[PDB]
Structures are given as structure tokens and as C-alpha cells.
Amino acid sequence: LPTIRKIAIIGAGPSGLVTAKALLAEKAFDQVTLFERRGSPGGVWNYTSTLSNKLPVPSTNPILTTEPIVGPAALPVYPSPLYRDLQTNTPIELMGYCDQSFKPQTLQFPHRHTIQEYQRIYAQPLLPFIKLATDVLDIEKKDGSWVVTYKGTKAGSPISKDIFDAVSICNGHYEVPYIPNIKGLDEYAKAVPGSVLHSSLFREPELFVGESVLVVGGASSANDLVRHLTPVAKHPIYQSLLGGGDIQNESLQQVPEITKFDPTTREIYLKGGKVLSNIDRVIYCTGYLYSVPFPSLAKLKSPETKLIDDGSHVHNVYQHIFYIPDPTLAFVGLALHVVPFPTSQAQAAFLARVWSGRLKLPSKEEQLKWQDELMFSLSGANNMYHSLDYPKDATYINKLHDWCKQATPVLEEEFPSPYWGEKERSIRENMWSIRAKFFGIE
């Protein structure tokens, strides 16, 4: 409904928060409301000693309902995947929003305390705009607007409904765990509670002292876990990569993917006949699934209207943002392999100028073309759909930055679009090396 006045933002995490600030900066909307199931903003940067109560093993359904921990004495808690000693894998020179720097003397790859404090400070001015401890149940286009159904998170809260001209989903994509359905795993898991875990459950490494562990995966979660487990777990630590690996030392034994778990002998069979036994813990660091747990959106199955299928990505989103069929529905934060805060801010700035009419999206067919060209380049690798590994991310943000400058009319105060110059790009290109040197590794 072009003239947009009332906007609903689903999620008060880093993406939702920056989206709110960008929208409010347009000085064109009458109502900007954020919905958050947690008692506080900041998304995953809400460290919780509390673990998810029921980890589905295996896990391939991207719809899976998130079950918070409830009690008569506390507000419902939604566990965050952050672990106790976590430090960022993104340097301070790049990871913050462009209009809020880190205090002087911050470590280049700070502890999560620093980022949680950063988010706390960022969210402060937006608290009166957020409906905290409120779980959005569903979203759907009814009549000429969007109807978002939500229920206060507390026991006994009534189910409510409100309508908006636009809805920005910033619900995050690191909540629903992804554990491949291997033959025998389920049984192997239910026979010994605690024998099979997912990275989202890791908190304190002292739990693994003396234990023989198998880390399954080969990305940041896997490599980080292997590192944190090295000084405590029984040597060597095993790591199952898809296509094996080369590292075969005393403390680390990279092996090929898993074929099946033998529940009786509790043996683990790896592609290539390789067999493992006496594994105390199997920790799945296999990532997550994208999720759109909203009935009216999840039922959409047709190629032209669907949003989610296998959870490898969110479909039909021009520039990973605007729902092609109806641009009054957008997403912020879907990007993979990026520096989160700056990337979501880049999208937010663009999103705001488009919903306030100060910018126009290309035609619908041209948007669909953009998608067709993307799918083609993916070569069937749909889980790479939202991946913007450098230099894609730098190009992407600078593209949005330049598009935003075209907005008219010019406002007295223009919400900033980040831009990565030669200096920034360089850091982003050697990011993992700069990180390795910081933690004295590799």
C-alpha cells in the first residue's frame, strides 16, 4: 500500500534494532513497533546459562517451534547459542554499526561481554518502541494490510492482533538446529541422553574433561569447539569433515563424513570404511536452518510465492530483502558469511528509503531476473543463496550505500549507510588471518 505509515518489526536483535533506527530516521512513519519474545533486546547477545530443553535429533524441519524454558518464578527464557568464553570472529574495525564505535582499548576480537554491552547501549533509546516478552504467532496479508498475531510471553497472556502497512522480519537464522538424518543417529541419541549435542548447547568446556569427543563440521563452530576442547577433552579430538581433512596429529584427527551410528556397538561409521568407537560426545557443529514459523507464510508453497522449503535459505527475496510478490514484507539479516551489524544496517538504510517512497525498486520482472541469475550461479547449492563471502559483501554494501545516496529529498539528518573503502576491504579479505594472528593460531 505504497504510502506506508505503520511498520511492524519482528525481532529486537541487532537486525531488528538497526532496522528500527533507520525507519524512524525517515521521519515518515507514524508507528514503528518491534516485537521480541525475549525479556530484552540484543538477540543472541543475551548469554544464557540455560540450555534448550529439547534438542531435536536429527533436525531437518525448518518450521520447528522454539520452546522456551518456563517456571513459576521467572519470565520465559529463550536460550542463546553463545558459549561462555566466546570472543568475536569479526574485528572491531568492521563489526559495529558505522555510527557507534567501540570504547577505546577494546580488544580487536572482544569477549561477548563487550558486544552484549554494545547492543545494550544501542537498544536503550528504542525500548519504548519495543513490545518485550511478546511472541509473534503469525503474519498474513488480509484485506489491504498485514495482520500480525502475537501473544504476550507470560502464562495467561491473551492472543492479540494488529495491522500494519509493512512487516520487517528480523527473526534471525541461528535458532533451529541442523542435524542431518543419519541412519541410527536418533536411536544412538535417545539411548544415552547427552551423548549427542549440537553446538547451540555448548556453554562450558569443563564438562568434557577426560571425554573422547567427535566434532562434526568444518566451519567456525567446529573449528572453535575443537580449539576450546583441546586443553580439556581426551586426546585426540575427532573431527568429521565432508570430504575428510588433512590434519592427523596427536590432539586432532580429521576424518571423513558419517554414514551411520551403530546403536548396539555404539560405533560410528565414516565414509571410507573408517570406524569410531567409545565416543563419549558427538557434537554437531553443522549449523542451522532458516525459519519462517508463521502459518500464513509457511503454507505458501508455489515457486512464485514461497518463502521457505528445506530451510537452506529464504526464497523470493529481491536483494535478500524484499518479498518479490509483495514488497511490503521484507527481511533483514539473512546474509551469510558477512559481518552482521554493518550488513544489516546497509539493508536497513536501503529498506527505509524504499518504504518511505524516497527510493523506487526496479520492476517486478527485473527483480525476478535478479533472482533467476542468482539461482543459476548457485548451481543447485541453495544453501549458498544468501552467502556474500568477500568480495560479495563489500560490493553489496557499497552498492546499497550508493543507491541510498540517490534518495530524495535530502533530509536534515540522513541515517548513515556504511561504506567499505580500500582500508576496510583489506581487513575483510584477510579477516581470518588477522583473527588467527590475534588468537595466536593456525
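One rule holds for the numbers: they count along the sequence shown, beginning at 1.
- Stretches 178-186 and 323-331 differ in mean C-alpha B factor, with the higher average recorded for 178-186.
- For the pair 200-208 and 279-287, the mean B factor over Cα atoms is greater in 279-287.
- The entry assigns its greatest Cα B factor, within the set 124, 363, 171, 345, to 363.
- The maximum CA B-factor among the listed residues 67, 373, 36, 389, taken from the PDB record, is found at 67.
- For residue 251, the recorded CA B-factor ranks within the highest third of the chain. Only modelled residues enter the ranking.
- Sort the modelled residues of the chain by CA B factor and residue 223 lands in the middle third.
- The entry lists a Cα temperature factor for residue 99 that places it in the lowest third of the chain's modelled residues.
- In this PDB entry, residue 428 carries a Cα temperature factor that places it within the middle third of its chain's modelled residues.
- Annotation for residue 46: CA B-factor lies in the lowest third of the chain's modelled residues.
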